[PDB]
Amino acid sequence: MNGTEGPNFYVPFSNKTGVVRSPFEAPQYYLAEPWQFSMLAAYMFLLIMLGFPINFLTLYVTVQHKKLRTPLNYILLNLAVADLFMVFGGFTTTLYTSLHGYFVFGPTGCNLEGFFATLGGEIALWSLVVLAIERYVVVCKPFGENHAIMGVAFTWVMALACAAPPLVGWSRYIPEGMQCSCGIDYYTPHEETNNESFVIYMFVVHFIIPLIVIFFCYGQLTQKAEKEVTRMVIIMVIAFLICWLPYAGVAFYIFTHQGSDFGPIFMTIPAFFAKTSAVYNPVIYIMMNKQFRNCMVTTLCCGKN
């Protein structure tokens, strides 16, 4: 076998050498060297020490600033809060997992690792949706503390309809690559949870569609200021595709070819790269939005414009 399956895992390595051990009981240092694991744990340490200040600052500013209540400001606060969950709920476990070369925290840790990452990306994928329409309405012209809170609520509803099932009984979060990150069970059919039907679902209801919607809405496209809130949204959407296509693409190749001879590094890259999703959004924000950039500076200098 080009792989080693367990009742709850799947290590991309042949146990013909009788060296493959569970990602839950012993380090996976027989997959890659101990330097690449501490390298991952360093990356995770950085993502943590940036994802926190940057998302929380963002959170503290829109909350602190009285005149910061645009749907954009709402969606961007959302991401800042989802990015914080990613960081504490998820990044916490993935940091300590790498520091041990396996899931020391057990499955509760694998679930923590995957739920917040999927919730993370899905809230982004869904908030990018709540934004695309707003731009078909304030630019293609067919809001506020009213409707933005429904889009913001809706993003959690939808994201949760994706990150929540593998926790209860539809699909399962399972260690990927160097067995340090967890994601949807693309690897096995597992008749018991038919993650074969969940992947066909997640890929359509939480990937394909949400995207085509962000597309035709875009294809079907103060009065001069909306061009920069647009160019931002456009950019936000593009940066998301860069985090998730490398992943989602790799994730699908595997779902269809369940059994191939791929290695651990194969999915470790698109998967660990994708975690910048927790930090990248609030950077585009300062960059192309004179309103926030200035208001953030005011939160820092305590008044000196």
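In case it trips you up, residue 1 is the first one in the sequence shown, and so on. We call the rigid core the largest set of C-alpha positions that still match within 1.5 Å between the two forms.
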Positional deviation of Cα atoms in 4 other deposited structures of this protein after core superposition, greater for 30-38 or 264-272 = 264-272
request  = Name the stretch that deviates more in 4 other deposited structures of this protein: 224-232, or 192-200? Use RMS CA distance to the shown form, core superposed.
outcome  = 224-232
key: Interresidue gap class [residue 221, residue 222; deposited sequence, unmodelled]   = 10 or more
key: Of 294-302 and 4-12, the stretch whose C-alpha atoms average the higher B-factor in the entry   = 294-302
Between 63-71 and 30-38 (mean CA B-factor, as deposited), the higher = 63-71
task = Between 211, 86, 79, 163, let me know which has the highest C-alpha B-factor in the entry?
result = 211
query = Among 184, 133, 112, 104, which carries the highest Cα B-factor?
reply = 133
note = Quick tally, chain-level thirds of C-alpha B-factors: residue 120 sits in the lowest
Within-chain third of residue 177 by Cα B-factor, per the entry = lowest
message = Taking only the Cα B-factors deposited for this chain, tell me whether residue 147 sits in the lowest, middle or highest third.
response = highest
query = Going by the entry, which third of its chain does the Cα temperature factor of residue 17 land in?
reply = middle
CA B-factor ranking of residue 171, expressed as a third of its chain = middle
